[PDB]
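In what follows, a single structure is set out as structure tokens and then discussed.
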Amino acid sequence: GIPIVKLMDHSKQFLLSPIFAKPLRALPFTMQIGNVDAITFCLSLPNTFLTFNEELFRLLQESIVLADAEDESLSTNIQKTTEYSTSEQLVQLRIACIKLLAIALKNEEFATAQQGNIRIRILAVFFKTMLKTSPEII
Amino acid sequence: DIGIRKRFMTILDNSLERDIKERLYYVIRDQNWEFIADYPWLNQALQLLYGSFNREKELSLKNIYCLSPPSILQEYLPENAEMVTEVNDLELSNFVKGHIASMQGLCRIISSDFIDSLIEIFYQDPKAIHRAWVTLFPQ
Amino acid sequence: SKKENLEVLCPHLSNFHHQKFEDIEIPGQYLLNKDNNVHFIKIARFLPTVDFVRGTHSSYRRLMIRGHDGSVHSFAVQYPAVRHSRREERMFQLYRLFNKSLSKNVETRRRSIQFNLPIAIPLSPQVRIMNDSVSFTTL
Amino acid sequence: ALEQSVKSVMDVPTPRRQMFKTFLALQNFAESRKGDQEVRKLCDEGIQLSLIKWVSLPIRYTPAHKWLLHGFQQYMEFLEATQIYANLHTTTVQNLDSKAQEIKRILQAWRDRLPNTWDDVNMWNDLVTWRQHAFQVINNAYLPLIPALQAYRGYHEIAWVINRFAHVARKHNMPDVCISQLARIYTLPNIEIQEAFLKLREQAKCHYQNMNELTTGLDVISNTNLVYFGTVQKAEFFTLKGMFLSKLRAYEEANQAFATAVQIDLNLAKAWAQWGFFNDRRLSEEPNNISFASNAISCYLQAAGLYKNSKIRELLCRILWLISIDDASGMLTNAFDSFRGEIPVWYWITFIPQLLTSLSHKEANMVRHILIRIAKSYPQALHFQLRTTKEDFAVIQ
Amino acid sequence: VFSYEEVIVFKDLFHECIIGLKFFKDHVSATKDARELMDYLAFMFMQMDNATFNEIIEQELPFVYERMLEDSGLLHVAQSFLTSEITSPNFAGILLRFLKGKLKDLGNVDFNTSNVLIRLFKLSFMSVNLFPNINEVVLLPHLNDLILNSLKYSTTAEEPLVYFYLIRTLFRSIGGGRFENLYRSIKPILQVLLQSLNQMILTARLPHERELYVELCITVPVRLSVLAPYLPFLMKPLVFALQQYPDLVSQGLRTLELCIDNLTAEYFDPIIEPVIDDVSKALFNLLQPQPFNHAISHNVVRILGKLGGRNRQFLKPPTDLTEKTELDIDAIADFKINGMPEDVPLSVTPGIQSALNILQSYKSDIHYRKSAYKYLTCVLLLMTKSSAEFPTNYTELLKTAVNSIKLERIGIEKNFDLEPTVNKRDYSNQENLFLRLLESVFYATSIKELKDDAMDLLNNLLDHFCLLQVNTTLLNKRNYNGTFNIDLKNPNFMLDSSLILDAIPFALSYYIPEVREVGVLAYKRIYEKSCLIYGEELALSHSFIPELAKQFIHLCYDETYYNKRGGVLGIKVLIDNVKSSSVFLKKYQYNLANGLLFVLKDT
Amino acid sequence: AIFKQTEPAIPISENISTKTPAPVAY
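Listed in order, the protein sequences are those of chains V, E, A, U, H and D.
Every number in the entry's author numbering is 1318 more than the matching position in the first sequence, counting from 1.
Every number in the entry's author numbering is 2427 more than the matching position in the second sequence, counting from 1.
Every number in the entry's author numbering is 3328 more than the matching position in the third sequence, counting from 1.
Just so you know, the fourth sequence maps onto residues 2775 to 2924, 2936 to 3182 in the entry's author numbering.
Just so you know, the fifth sequence maps onto residues 625 to 651, 673 to 1248 in the entry's author numbering.
Every number in the entry's author numbering is 352 more than the matching position in the sixth sequence, counting from 1.
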């Protein structure tokens, strides 16, 4: 009879501090997917980890709002010579960022009443992502 | 065909004498191997020379410094040892003596089984014939 | 024990290829003057069960590295590397500079003469890694 | 007279006499069209003979297997010569530039298929002589079709397999046959765009050693002023005049020869390298602190910028040794820092320790530009050396 | 056109004609009368309209398929629909959409169902190259999905070679067409999944598993003459194709010609550079005379003649000189020869490598295999003989040595005398030789009519090593009782009975599951014997059971999936045995958790 | 750059029939 957030009391900083330090732009796709999935699991827990991670949400929504054709989704792994090796990782990264934005938007006064229209800024992303040809993202 | 081959080779073995000099002179001088000339006949030659052996139950290696015996290794307890005195009411005490009687009959290796089990390796691989001849003939 | 586990000794190097997120190269490939850079071997992973090698006057540990082309490279970790290592490595560099004159001359190229220097790359000014395969011996 | 000599000895046959018999059948197909196509049978029996000889040798490669590999190449060139002659027999209707493309393709395949330069001169000579036979056949068969065309399709590229031979014997330290092979090039009296190139270059490189012969290389270039189809041949002529004049004791005239060799193109790095060597030979009779060394390091730095993908590291050694003089005047730093060109950053890797101990030595901050250009392009070469010498200097403070 | 009550009649006609082929079974292997009626039924439906024949065959194809699993001649129905028809692309589409659904269970069915499904796939692929200009466009959708789903479903399949067999049939069915350009977006994933399955079988299945993967990795269809920049993926299977499989050779040679003819000899020479010694050494083996096939010898002569000096410019003095391993050394015993005054020393191991190759191969006759097994056990029991003697009071000595572990500060008698050294090369060769012989005793339990005596000898060897472990336990107290003692006495240098710590993790990692069962039975037996001769309270701290458990954790960190399966097998039998005591599994919890986590990360 | 032109295709035989030579007392 122990809560999950009591199991993470001593070792939660060793999980979070490598994520909040690296800016999620120079990392490869499988590490961006892993960081976003870990923060999604931490946010889905009861009443823990609410503190000042707005910069990560802003950078991930601006990394998912743009196109993925030889532009700013990458740092050293281009996409004009690789097919199906990076497209599946890109799809998993997009749906992971969408799941993280939905979990963050489900929390009151964490993305709702911040900066006025910041939920409109990601609802524009949610309406812009309903034109990809992949049915999984849809 | 193992039966007729074994019968041919055992009557050729029983025709010769049981000396190593006579069988060496048979495989070098006397026997004409012109008919078996595409096949490695040293196989057959080895089966003649191995006919001059004795079937010795005291086959034992002398080059290997083998695995740890229980004879002296249960004497490597120098002075602090309460030696137990005849505790013989266990399942361990019969297991140990049954294992001793099992390993006595298991490790009694004659020369016969080594020789005739190596003989049929020659009929499959011709490189046991090479190594067997190079080990045997200088001796 | 002649073979000790890498995850017990150094668990960061057995866990390396997961938390590695770029293409590190096998160290000591720039000392051998191979013109380009595209065919250098990238480190795939460190193999487990590193070797403890007892020499004549010292001992060391040999760690193996699997390359991205399936090759395994062994390196020796001289942990107290003696402070005359820079003179050694400058002589290694000098005699490796002569290996290109020894392949444009026809007479040394027919006989395939090269100088065969060891590739020793220093990590800190106390520890260097040297290439060291098994079946290296001394006289 | 050759068929009887072959047939009297083509019992207990060897691969060489079988090769001679196959070449006689190939010449029978060549000189008499609609021949035999027994060449396709003699090549196959020669391949089978060579395979029996290959299995008779040890499994691992011995030096005796190299001649069997040369024999394999000879049989494949026999079959390609069969294809060449079959294409050469159907062009009697003057169907040029329609079947000449196949001939040009097989000759271009032959030009890239030549042995290693350290292989035996008998191997080179055997390939050269039988390619000269195969070229003499097409030069004989294009000979009736010359005046009916009204440059031309009579090739005579035999000179190529002379020149490439006359090069490689000079690699084998055989200068007498290297001079004697540059006498079978006068079979056609015209000056070609590439025959005269390698011909004059090899004849000038003949008279470079055995120093009672340098005047024979001087008098053959100094009277030839007509261009042999190129403006790059005169530049190497002028810098070879510089070599021959600087080999004897000459101070200013060899410098003038290098100057007139270098003003014409600014694109031959051999002239820059030899001018640097000439300036070093003038430096070797004095202390190295005279500002004349700035000319040497400028010709060296120019001699490493466009001499790329070669042996340039001795020029970099000369730069690192001539830079380290203790001049008070800032002329050498000007000569390094006014160099207009891309420095060979990858070849400076092999002197990374001699750069990294040059920071401790004074009068060296031009080493810093080289190390900065190394660190931004090739970062894994510098890293371990940087940490080692950094933790060396950090504990001695 | 037809009405509804006419296409119902046509559906019932097809249904009754398919049912009626049960009268003409035995009572592409069908009787003559059934084949004639299948020709009539096929020709009857060819002149019907395609738009109604498609819905008839689409409503009837699962019933036709479940009738094919009883009388397999009904494939001659479907063949006659797609080998000659004006409606062949339509039936090819219906059949491919049916087989796309049946593909998920293609591995996990028995031999008859998988045989029928593979024959339907083969018919549907031969329908493509039989009609190229008529629609092969029916195949190009769900073509990459076929490759990808075969590679994905072979992971969780019970018989995972049927998927690769399917990929081989698809590759051998095509080549010389246009739709190999939608396939070029799959080549890197296919070739990484093929090379990392090509060499990760270090304990290969021993079937055509290696031949199948190297046949798949070469012979991929590429529109361009040179397939791709993904040529370094082909260099390692090219060595295997030339070298080890004489039926792949004429394939791989062709691939070499396609790289040697048009690659510019600049781009290509650094690519073959890590494999040029193996390539040339396997090429030189194919230069054999006329009883050997000249069609694959003159290919090698043509390749080596097209390479002028390039066929010999990359060979150095040999770096592969064999240094006399444990399959090459002599173990010498004395034999009594009747023509000699004294016994003569000769080697008992001249046919060890040959007998191992006899035992490993399935093809060899049982008599030869049984005599090979008897030879290996003869050499092994000769190596074990000089430790198989026991003193007259071994029971009380074993009891004294096992209750002398629970005492503190055992006084060590000190003596000043040196012991001889080890001679590491001969020690390593004898250790590896004993290990190979023990591993072949473990392998012998995979053969019927060699299994009973192998299991009996294995039980004797295991409870011999359990009794020899107590000497190692007693000698590990020389590492204690004095934090630095240098004046003590040790028995010199022997095989330390810790080479069952390299044989039981070998048997768990082996590619026959019938010997992994023998490995877990071996672990259960040594668990019982170690708990017997020690007691449960200290057999988990001093016997094999801690030590070998550490070996299981080390199997989780290896670099191939065989050893990881052996490690999780050893860990599962360990944690099924020890649960009554709460000191072992709670002391070793962090290392076991990290091992089981590393199996999840690295696989 | 990456590709060169087509090499001359040398057609190897399909049904060659050579004789194995008898050994000689060389």
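Built from N, CA and C at the ideal position, the CB exists for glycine as well.
Rounded to whole angstroms, what is the Cα-Cα separation between residue i and residue j?
i	j	result
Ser3007 (chain U)	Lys3026 (chain U)	7 Å
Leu1185 (chain H)	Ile1055 (chain H)	22 Å
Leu3445 (chain A)	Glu3417 (chain A)	10 Å
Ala3160 (chain U)	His3168 (chain U)	8 Å
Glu1204 (chain H)	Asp3460 (chain A)	22 Å
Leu2486 (chain E)	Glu918 (chain H)	52 Å
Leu928 (chain H)	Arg1014 (chain H)	33 Å
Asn2997 (chain U)	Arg3394 (chain A)	59 Å
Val3381 (chain A)	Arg3389 (chain A)	6 Å
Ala2989 (chain U)	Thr1404 (chain V)	59 Å
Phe1197 (chain H)	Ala2883 (chain U)	59 Å
residue 670 (chain H)	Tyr1156 (chain H)	A gap in chain H, from 651 straight to 673, means residue 670 (chain H) has no coordinates in the model shown.
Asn1222 (chain H)	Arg3411 (chain A)	54 Å
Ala2936 (chain U)	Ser2965 (chain U)	29 Å
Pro1065 (chain H)	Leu1144 (chain H)	22 Å
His3346 (chain A)	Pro3129 (chain U)	36 Å
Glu3038 (chain U)	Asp923 (chain H)	58 Å
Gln2474 (chain E)	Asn2490 (chain E)	26 Å
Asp1355 (chain V)	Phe1332 (chain V)	16 Å
Hey, residue i and residue j are a contact pair by Cβ (cut 8 Å); roughly how many whole angstroms apart?
i	j	result
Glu2854 (chain U)	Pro360 (chain D)	5 Å
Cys2534 (chain E)	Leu1026 (chain H)	5 Å
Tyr2453 (chain E)	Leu2469 (chain E)	The Cβ separation is near 13 Å, so there is no contact.
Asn956 (chain H)	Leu949 (chain H)	5 Å
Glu1084 (chain H)	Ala1148 (chain H)	6 Å
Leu842 (chain H)	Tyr858 (chain H)	6 Å
Which residues in chain H sit within 9 Å of residue i, going by Cβ to Cβ distance?
i	result
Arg3373 (chain A)	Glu1204, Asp1247
Can you list the residues of chain A that residue i reaches, using a CB-CB cut of under 8 Å?
i	result
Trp2892 (chain U)	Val3434, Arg3437, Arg3438
Given that residue i touches chain U, what residues does it touch there, using C-beta distances under 7 Å?
i	result
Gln933 (chain H)	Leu2825, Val2829
So which residues of chain H does residue i contact, with C-beta pairs closer than 7 Å?
i	result
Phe2846 (chain U)	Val946, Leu949, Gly950
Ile2431 (chain E)	Simply none; closest approach about 14 Å.
What does residue i touch in chain E if you count any residue whose Cβ is under 7 Å from its own?
i	result
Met985 (chain H)	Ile2447
At a CB-CB cut-off below 8 Å, which residues of chain V make contact with residue i?
i	result
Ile834 (chain H)	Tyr1402, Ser1403
Whose Cβ in chain H lies nearer than 8 Å to the Cβ of residue i?
i	result
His3340 (chain A)	Neighbours of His3340 (chain A) on chain H: none; closest Cβ ~13 Å, over 8 Å.
Residues of chain B with CB under 7 Å from residue i, in chain order?
i	result
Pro2889 (chain U)	In the structure shown, chain B does not exist; the protein chains are V, E, A, U, H and D.
Legend entry - Stretch-stretch touch, CB-based, cutoff 8 Å, three pairs: the segment 2548 to 2556 of chain E with the segment 3329 to 3344 of chain A: No: fewer than three Cβ pairs fall under 8 Å.
Inset, instruction - Give a yes or no on contact between the segment 3107 to 3114 of chain U and the segment 3062 to 3079 of chain U, applying the rule of three or more CB pairs nearer than 8 Å. - result: With the cut-off at 8 Å, the segment 3107 to 3114 of chain U and the segment 3062 to 3079 of chain U touch.
Inset, instruction - Taking 8 Å as the threshold, find out whether the segment 2812 to 2828 of chain U comes into contact with the segment 2778 to 2798 of chain U through three or more Cβ pairs. - result: They touch, by the three-pair rule.
Legend entry - Secondary structure, alpha helix (DSSP H): runs of 4+ residues fully inside the segment 1211 to 1240 of chain H: Qualifying alpha helix (DSSP H) stretches, in chain order: 1229 to 1232.
Inset, instruction - Pair every Cβ in the segment 3002 to 3019 of chain U with every Cβ in the segment 2974 to 2981 of chain U, then say whether three or more of these pairs are closer than 8 Å. - result: With a cut-off of 8 Å, the segment 2974 to 2981 of chain U and the segment 3002 to 3019 of chain U count as touching, because enough Cβ pairs lie within range.
Inset, instruction - Flag this pair as touching only if the segment 2896 to 2910 of chain U and the segment 2939 to 2954 of chain U have three or more C-beta atom pairs under 8 Å; answer yes or no. - result: Contact between the segment 2896 to 2910 of chain U and the segment 2939 to 2954 of chain U is present: three or more C-beta pairs spanning the two stretches fall below 8 Å.
Legend entry - Ranges of the beta strand (DSSP E) found wholly within the segment 703 to 778 of chain H, counting only runs of at least 3: DSSP runs (the beta strand (DSSP E)) wholly in the segment 703 to 778 of chain H: none.
Legend entry - Runs of alpha helix (DSSP H) wholly within the segment 2872 to 2916 of chain U (minimum 4 residues, chain order): If one requires a minimum length of 4 residues, the alpha helix (DSSP H) runs lying completely within the segment 2872 to 2916 of chain U are 2874 to 2885, 2895 to 2915, in chain order.
Inset, instruction - Ignoring anything shorter than 4 residues or poking outside the segment 1046 to 1089 of chain H, list the alpha helix (DSSP H) runs there in chain order. - result: Runs of alpha helix (DSSP H) with 4 or more residues, each lying fully within the segment 1046 to 1089 of chain H, are found at 1069 to 1088, listed in chain order.
Inset, instruction - Evaluate contact between the segment 3352 to 3359 of chain A and the segment 2494 to 2506 of chain E, counting only Cβ atoms and requiring at least three cross-stretch pairs below 8 Å. - result: No, the segment 3352 to 3359 of chain A does not touch the segment 2494 to 2506 of chain E.
Inset, instruction - May I have a chain-ordered list of the beta strand (DSSP E) segments no shorter than 3 residues that lie completely inside the segment 988 to 1023 of chain H? - result: Segments of the beta strand (DSSP E) lying fully in the segment 988 to 1023 of chain H: 989 to 992.
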